[PDB]
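For reference, final00.cif is printed below; it contains mmCIF, C-alpha atoms.
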```
data_query
#
loop_
_atom_site.group_PDB
_atom_site.id
_atom_site.type_symbol
_atom_site.label_atom_id
_atom_site.label_comp_id
_atom_site.auth_asym_id
_atom_site.auth_seq_id
_atom_site.Cartn_x
_atom_site.Cartn_y
_atom_site.Cartn_z
ATOM 1 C CA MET A 1 -0.661 12.541 10.171
ATOM 2 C CA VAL A 2 -2.758 10.887 7.459
ATOM 3 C CA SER A 3 -4.495 7.588 8.150
ATOM 4 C CA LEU A 4 -5.263 5.174 5.319
ATOM 5 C CA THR A 5 -6.791 1.759 4.724
ATOM 6 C CA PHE A 6 -5.213 -0.977 2.623
ATOM 7 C CA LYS A 7 -7.829 -3.450 1.357
ATOM 8 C CA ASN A 8 -7.169 -6.718 -0.476
ATOM 9 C CA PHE A 9 -9.243 -9.362 -2.263
ATOM 10 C CA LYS A 10 -9.915 -10.976 1.120
ATOM 11 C CA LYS A 11 -12.240 -8.117 2.027
ATOM 12 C CA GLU A 12 -9.891 -7.136 4.864
ATOM 13 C CA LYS A 13 -8.734 -3.605 5.663
ATOM 14 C CA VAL A 14 -5.326 -2.857 7.176
ATOM 15 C CA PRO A 15 -5.341 0.674 8.691
ATOM 16 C CA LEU A 16 -2.103 2.645 8.428
ATOM 17 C CA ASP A 17 -0.605 6.088 9.002
ATOM 18 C CA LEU A 18 1.925 7.915 6.829
ATOM 19 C CA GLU A 19 3.360 11.336 6.019
ATOM 20 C CA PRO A 20 3.121 13.474 2.834
ATOM 21 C CA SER A 21 6.838 12.803 2.468
ATOM 22 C CA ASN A 22 6.516 9.056 2.957
ATOM 23 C CA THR A 23 6.174 7.301 -0.382
ATOM 24 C CA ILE A 24 4.771 4.033 -1.643
ATOM 25 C CA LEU A 25 8.223 2.570 -1.207
ATOM 26 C CA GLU A 26 7.738 2.939 2.531
ATOM 27 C CA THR A 27 4.005 2.211 2.707
ATOM 28 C CA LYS A 28 4.735 -0.970 0.802
ATOM 29 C CA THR A 29 7.606 -1.803 3.168
ATOM 30 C CA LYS A 30 5.548 -1.252 6.300
ATOM 31 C CA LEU A 31 2.383 -2.823 4.917
ATOM 32 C CA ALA A 32 4.753 -5.735 4.353
ATOM 33 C CA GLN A 33 6.033 -5.829 7.924
ATOM 34 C CA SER A 34 2.474 -5.327 9.135
ATOM 35 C CA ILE A 35 1.053 -8.428 7.504
ATOM 36 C CA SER A 36 4.518 -9.962 7.130
ATOM 37 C CA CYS A 37 4.510 -9.617 3.349
ATOM 38 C CA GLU A 38 7.109 -8.073 1.040
ATOM 39 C CA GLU A 39 7.023 -4.764 -0.847
ATOM 40 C CA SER A 40 8.585 -6.466 -3.854
ATOM 41 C CA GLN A 41 5.365 -8.429 -4.456
ATOM 42 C CA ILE A 42 2.783 -6.046 -3.089
ATOM 43 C CA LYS A 43 0.940 -3.840 -5.567
ATOM 44 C CA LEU A 44 -0.433 -0.485 -4.411
ATOM 45 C CA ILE A 45 -3.584 0.387 -6.357
ATOM 46 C CA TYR A 46 -4.880 3.948 -6.118
ATOM 47 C CA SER A 47 -8.357 4.335 -7.559
ATOM 48 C CA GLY A 48 -7.573 1.404 -9.849
ATOM 49 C CA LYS A 49 -4.054 2.631 -10.611
ATOM 50 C CA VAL A 50 -0.913 0.584 -10.041
ATOM 51 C CA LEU A 51 1.055 3.142 -8.025
ATOM 52 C CA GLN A 52 4.843 3.203 -8.235
ATOM 53 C CA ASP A 53 7.651 3.003 -5.679
ATOM 54 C CA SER A 54 8.777 6.522 -6.580
ATOM 55 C CA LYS A 55 5.479 8.261 -5.758
ATOM 56 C CA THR A 56 4.753 10.142 -2.547
ATOM 57 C CA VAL A 57 1.422 10.055 -0.751
ATOM 58 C CA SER A 58 1.392 13.710 -1.702
ATOM 59 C CA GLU A 59 1.662 12.904 -5.400
ATOM 60 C CA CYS A 60 -0.376 9.693 -5.184
ATOM 61 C CA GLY A 61 -3.257 11.918 -4.088
ATOM 62 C CA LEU A 62 -3.716 10.139 -0.766
ATOM 63 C CA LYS A 63 -5.091 12.187 2.103
ATOM 64 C CA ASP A 64 -6.098 11.702 5.737
ATOM 65 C CA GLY A 65 -8.422 8.762 6.359
ATOM 66 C CA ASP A 66 -8.403 7.741 2.678
ATOM 67 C CA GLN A 67 -8.127 4.158 1.431
ATOM 68 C CA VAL A 68 -5.688 2.434 -0.922
ATOM 69 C CA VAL A 69 -6.564 -0.674 -2.896
ATOM 70 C CA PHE A 70 -3.804 -3.276 -2.967
ATOM 71 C CA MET A 71 -2.953 -6.943 -3.484
ATOM 72 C CA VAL A 72 -0.100 -9.335 -2.664
ATOM 73 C CA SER A 73 1.560 -11.378 -5.407
ATOM 74 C CA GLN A 74 2.903 -14.927 -5.122
ATOM 75 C CA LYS A 75 5.996 -15.426 -2.967
ATOM 76 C CA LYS A 76 9.541 -16.028 -4.201
ATOM 77 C CA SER A 77 8.444 -19.667 -4.082
ATOM 78 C CA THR A 78 8.180 -20.248 -7.830
#
```
So that I can check it, write out the structure of this file as structure tokens.
Amino acid sequence: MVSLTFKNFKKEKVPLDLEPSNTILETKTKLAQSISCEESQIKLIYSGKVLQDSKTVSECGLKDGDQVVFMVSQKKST
């Protein structure tokens, strides 16, 4: 049970909890349903690194209570 913090450019943190098996794909999905955003626009930055959808918290290097930098991109409205 690892707890993390997703921070954006709005200086706001969105606490979350995942599993070593859960991967960005899912964190992105949830983080999307949490703020009501989409994973297809969200970018998960780890220590200044644009994570991928095929990485697992275990491979991303995320641990318990860590923090993940992120940002939401424009909506399909374009």
| request: Starting from the displayed file, determine the output of the PyMOL selection byres ((chain A and resi 59-74) around 9) and express the residue list as a VMD selection string. | output: chain A and resid 1 to 9 13 15 17 to 18 20 23 to 24 37 to 52 55 to 58 75 to 78
Box time for stretch 5-19 of chain A: axis-aligned, enclosing all its listed atoms, 5 Å extra on each side; report centre and edge lengths in Å to one decimal, as AutoDock Vina command-line options.
```
--center_x -4.4 --center_y 0.2 --center_z 3.4 --size_x 25.6 --size_y 32.3 --size_z 21.3
```
| said: One decimal, in Å: what's the spacing between atom CA of residue A:16 and atom CA of residue A:53? | reply: 17.2 Å
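Between atom CA of residue A:25 and atom CA of residue A:54 lies a distance of 6.7 Å.
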Could you give me stretch 28-40 of chain A completed to N, CA, C and O atoms, formatted as a CSV table (one decimal), in the coordinates of the input?
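Just written: result.csv:
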```csv
chain,number,residue,atom,x,y,z
A,28,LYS,N,4.6,0.4,1.2
A,28,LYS,CA,4.7,-1.0,0.8
A,28,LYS,C,5.6,-1.7,1.8
A,28,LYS,O,5.2,-2.9,2.2
A,29,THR,N,6.7,-1.1,2.2
A,29,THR,CA,7.6,-1.8,3.2
A,29,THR,C,6.9,-2.1,4.5
A,29,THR,O,6.9,-3.2,4.9
A,30,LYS,N,6.3,-1.1,5.1
A,30,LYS,CA,5.5,-1.3,6.3
A,30,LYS,C,4.4,-2.3,6.1
A,30,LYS,O,4.4,-3.3,6.7
A,31,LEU,N,3.5,-1.9,5.2
A,31,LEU,CA,2.4,-2.8,4.9
A,31,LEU,C,2.9,-4.3,4.8
A,31,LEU,O,2.1,-5.2,5.0
A,32,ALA,N,4.2,-4.4,4.5
A,32,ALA,CA,4.8,-5.7,4.4
A,32,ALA,C,5.1,-6.3,5.7
A,32,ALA,O,4.9,-7.5,6.0
A,33,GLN,N,5.6,-5.4,6.6
A,33,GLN,CA,6.0,-5.8,7.9
A,33,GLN,C,4.8,-5.9,8.8
A,33,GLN,O,4.9,-6.5,9.9
A,34,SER,N,3.7,-5.3,8.4
A,34,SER,CA,2.5,-5.3,9.1
A,34,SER,C,1.8,-6.7,9.0
A,34,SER,O,1.4,-7.3,10.0
A,35,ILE,N,1.7,-7.1,7.8
A,35,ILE,CA,1.1,-8.4,7.5
A,35,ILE,C,2.1,-9.5,7.3
A,35,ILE,O,1.8,-10.7,7.3
A,36,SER,N,3.4,-9.0,7.3
A,36,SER,CA,4.5,-10.0,7.1
A,36,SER,C,4.8,-10.3,5.7
A,36,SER,O,5.4,-11.3,5.3
A,37,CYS,N,4.3,-9.4,4.8
A,37,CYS,CA,4.5,-9.6,3.3
A,37,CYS,C,5.7,-8.8,2.9
A,37,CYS,O,6.4,-8.2,3.7
A,38,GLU,N,6.0,-8.8,1.6
A,38,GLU,CA,7.1,-8.1,1.0
A,38,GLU,C,6.6,-7.0,0.1
A,38,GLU,O,5.6,-7.1,-0.5
A,39,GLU,N,7.4,-5.9,0.0
A,39,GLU,CA,7.0,-4.8,-0.8
A,39,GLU,C,7.3,-5.1,-2.3
A,39,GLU,O,6.8,-4.5,-3.2
A,40,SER,N,8.2,-6.1,-2.5
A,40,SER,CA,8.6,-6.5,-3.9
A,40,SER,C,7.5,-7.3,-4.6
A,40,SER,O,7.7,-7.6,-5.7
```
